[PDB]
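One chain comes next, on its own, written out as structure tokens in the form deposited in one PDB entry.
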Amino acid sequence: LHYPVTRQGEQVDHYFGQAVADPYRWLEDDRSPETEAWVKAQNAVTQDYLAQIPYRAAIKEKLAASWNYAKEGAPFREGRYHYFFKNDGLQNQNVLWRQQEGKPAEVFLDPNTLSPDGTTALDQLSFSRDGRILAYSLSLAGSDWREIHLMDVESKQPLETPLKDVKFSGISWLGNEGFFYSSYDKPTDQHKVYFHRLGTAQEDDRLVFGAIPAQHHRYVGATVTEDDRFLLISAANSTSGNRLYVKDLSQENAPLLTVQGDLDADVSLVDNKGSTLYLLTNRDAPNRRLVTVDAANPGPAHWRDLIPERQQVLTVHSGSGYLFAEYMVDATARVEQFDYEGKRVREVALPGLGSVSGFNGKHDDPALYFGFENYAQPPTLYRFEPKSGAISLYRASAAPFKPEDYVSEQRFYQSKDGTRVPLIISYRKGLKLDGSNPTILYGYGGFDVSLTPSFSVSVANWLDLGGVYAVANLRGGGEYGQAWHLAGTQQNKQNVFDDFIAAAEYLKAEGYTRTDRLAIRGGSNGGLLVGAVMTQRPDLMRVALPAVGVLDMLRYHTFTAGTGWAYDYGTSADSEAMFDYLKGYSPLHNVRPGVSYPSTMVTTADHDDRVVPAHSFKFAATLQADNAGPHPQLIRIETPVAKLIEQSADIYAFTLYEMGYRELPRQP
């Protein structure tokens, strides 16, 4: 094959007296007719190359037929009915269903119909204590503004005219009298808490907080505890920290007491028991902790740990009279159950290694529900018995994939400097460690972003083709604490790549795959990961799949959106030492002729603001104008799920084809 007309400019740039040429500068713009014409030319070559693959269509068909499936949420009692969300798979918004014990279920609220075009979406949902009245917020178009509608649950008709000009608001009831919500005006950027009493006009809502100078804040929220005894008000000016106040509603005109009076830390209410407040906070605990303090004197100096901080970030849930501490260990879920007195009842016996959701309920819920999934198990709902700790299946996934046919196993491998690193490997059950399995190695590594297991239809399809999917939890991510993040940043970015390299090596040595049966993939920070790893070890793998990646390090910051990845990448505009470090790995700057690179397909949109196409365009030109091997270097430029399906189909087809497959490793 022959690549398009990629002429070489001369735009040389100097950094610390050092001279580095940039033959492909023009491409840095995605409007210039010489560039936009380039795209058209490049896509013609890619599509032309892909039209060559025999089984691409078959792959697309399977992806398309399994891409969408029905879903159901956990049931929850409100008044005399059990409510639950469902989605037939093609509905844009989830539909809320209802069922009275002894009768068939019925649609209760379908948000899709509110808008003849579906632009009116359901936001917050909140029932009165007796479950007879429903308050819910709707967002129109795509506005931050909201309206709170009130509905009589039985008649399913408007109870009062909707509350207007509501924003960044929760909806919290005080018994069956009314509820607290937040707004910016008179139901300035001074957010205020109001109380709307049922049977009254919005204009008469009582201003609860935010009016006097001392209470001015950009964001305020209000929550009434489940027993209706305490009102908690949070106030903040940014995503960093918040003030918190409490008011004992069991007393007449009780004043507000300060739980936390500064913005030096996040603190939020979990629940109360009697006069004891249970709070989650990161004050003096980066990984957070759950503390208690009496409402009558709630200041920080009086908080006492109930669940002390740990090495893993804490998240707390409450239901059925218990507290559930959820953590991420080696990127997978762990849940421990505690009573309200601090006693550790047990560790919840989760279905396996993966991701969970749930464990949220009322004080008197007889049982709790939680969700579980991983690379080999689609989202499943389970019933958890608080006392016995017994778990039972509530609703299996409707996804067209039999869980029993797939396996996911965790492995740990040592990198260059000896650092231990997690790695989850998934494949159809029955695989042989003969080193012949076609494999895709995925990684990210960076921005404290950790890769937790999640079910992907695309991935499941890959497994059905007989492929192996491997995800590595590289440094730079947030799987092992703050230290794990920096261990792969600045002039330590190379550590991330070494972790990736050892991952590949490990997969072979263990008999999973082998060099010719291995491909690596990643997007953005991940797109860089594949870019580098491929330039430093273009022998380690057979196929490279860099998507929406940042490939020009020596000057990425010179791009609008690219001016937010400072803390991690650093720039060639800090020191010649940093500059040197960047050049040393910068994918774009590490591609040289005479070198045989693995088959490569770079993917990007025609125009994108988050990660500019230049990184992919220029990088493409380079590889084409450098590779001295028989493997093609291509670029696919995007111009709905249909597009995601087509994209996944092109990637799997290209991969298998480049591994020398005439037919699919396994007929799905």
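Heads up: residue numbers just count along the shown sequence, starting at 1.
Another form exists, solved in complex with a partner chain; not displayed. Remarks below refer to it.
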query	finding
Contact label in the entry with it bound: residue 435 to the partner chain, heavy atom within 4.5 Å	no
Interface membership of residue 264, the partner chain in the entry with it bound, 4.5 Å heavy atom rule	yes
4.5 angstroms heavy atom contact with the partner chain in the entry with it bound for residue 481	yes
Close approach of residue 285 to the partner chain in the entry with it bound, 4.5 Å, heavy atom	yes
Listed residue (271, 309, 498, 78) with a non-hydrogen atom within 4.5 angstroms of the partner chain in the entry with it bound	309
Contacting member of 554, 236, 313, 96, with respect to the partner chain in the entry with it bound [4.5 Å, heavy atom]	313
Per-stretch contact check against the partner chain in the entry with it bound, the hit in 473-481, 410-418, 292-300, 117-125 (non-hydrogen atom, 4.5 angstroms)	473-481
